[PDB]
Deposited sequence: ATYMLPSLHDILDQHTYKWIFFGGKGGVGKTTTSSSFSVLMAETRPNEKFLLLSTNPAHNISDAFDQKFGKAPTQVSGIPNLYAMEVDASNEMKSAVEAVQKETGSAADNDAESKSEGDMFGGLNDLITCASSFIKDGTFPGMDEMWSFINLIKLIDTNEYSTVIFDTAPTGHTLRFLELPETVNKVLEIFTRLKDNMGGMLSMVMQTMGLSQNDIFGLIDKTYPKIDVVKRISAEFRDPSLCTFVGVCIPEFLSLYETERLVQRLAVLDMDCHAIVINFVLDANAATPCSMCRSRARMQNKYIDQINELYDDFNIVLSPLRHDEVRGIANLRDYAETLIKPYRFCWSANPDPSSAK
């Protein structure tokens, strides 16, 4: 009843995608899967450019590729259309606009809203992306429970733009209060609003692309174990709240073993995994469910990232397959 191909081949072939996120519990393969998929995209689309971004403060993209990446787009050895970059947590208009915001917000209740650094980090990031003309950006995220980088900016944008309105109108005398508090002219304050409003508008427009299922999708990564399914349920619910598309899950570390497998370790673990794979098949029956097998070695270097990518688009046949 509506066979979903157990692969990311449809995502790979959907060239409208501008933003692709991979996420899930600690240790499930976010870095391995995002890195492998970004190689697959780059090698199948050599006439386009791609950016892999780590937003996990525990950056592991360098060690996955066995190549030193930095805080600026770095070209991947052997895949010259692929760039990788570490994004850290949180010009001089920043200082001025921030002070204007923090002062003006304290004129109303709950007026200490966070993520003004976030906004400026993100404005910088759009700088790079338009300049270098990437067709798609791939995110290697931090584990679930760690706040999703950039995904709440639409609510930040809204509070800033309403403050801009209040100041322009002198709503309840906020402008007078700010001028008298900061010793700025009406023209100084209007100058800060006017010069930065286009920057905010860009943030508004790209944040909307996160919520457009043609431009953005979020791929879940999990292991077939109680705690990882729990974290996956909570990631899927949080993405619904944020109006962001998630229709694909990669189940990683899948054992190629059954009741007839000699190894008693692989045999019993495969029994455990079977319960949780069936639970995922049931719960997410409209998703692409990709079975990424346990490999004989860690997934480091392009040869390994390439082999890992093959099972993202060519569904692996397990001894226990139908």
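Unmodelled regions of the deposited sequence, numbered from residue 1: 91-117, 350-357.
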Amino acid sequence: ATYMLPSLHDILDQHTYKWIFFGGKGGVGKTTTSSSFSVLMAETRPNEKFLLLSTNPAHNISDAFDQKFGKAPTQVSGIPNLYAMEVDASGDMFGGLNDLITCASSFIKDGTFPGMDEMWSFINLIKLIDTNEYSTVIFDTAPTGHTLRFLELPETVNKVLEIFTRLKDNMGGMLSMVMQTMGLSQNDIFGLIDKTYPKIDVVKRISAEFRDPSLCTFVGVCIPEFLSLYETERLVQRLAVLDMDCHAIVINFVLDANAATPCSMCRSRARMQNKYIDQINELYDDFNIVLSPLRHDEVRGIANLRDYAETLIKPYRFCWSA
From here on, numbers count along this sequence of modelled residues.
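If you average the C-alpha B-factors over 20-28 and over 307-315, the higher value belongs to 307-315. Checked against the record, the higher mean CA B factor of 33-41 and 262-270 lies with 262-270. Looking at 84, 202, 216, 240, the one whose CA carries the top B-factor in the deposited record is 202. Ranking 191, 143, 73, 173 by Cα temperature factor from the entry places 173 first. Residue 235 sits in the middle third of its chain by CA B factor, as recorded in the PDB entry.
Among all modelled residues in this chain, the alpha-carbon of residue 77 has a temperature factor (C-alpha) in the middle third. Among the modelled residues of its chain, residue 247 has a C-alpha B-factor that falls in the lowest third according to the deposited record. Annotation for residue 135: C-alpha temperature factor in the middle third relative to the rest of the modelled chain, per the entry. For residue 94, the recorded CA B-factor ranks within the highest third of the chain. Only modelled residues enter the ranking.
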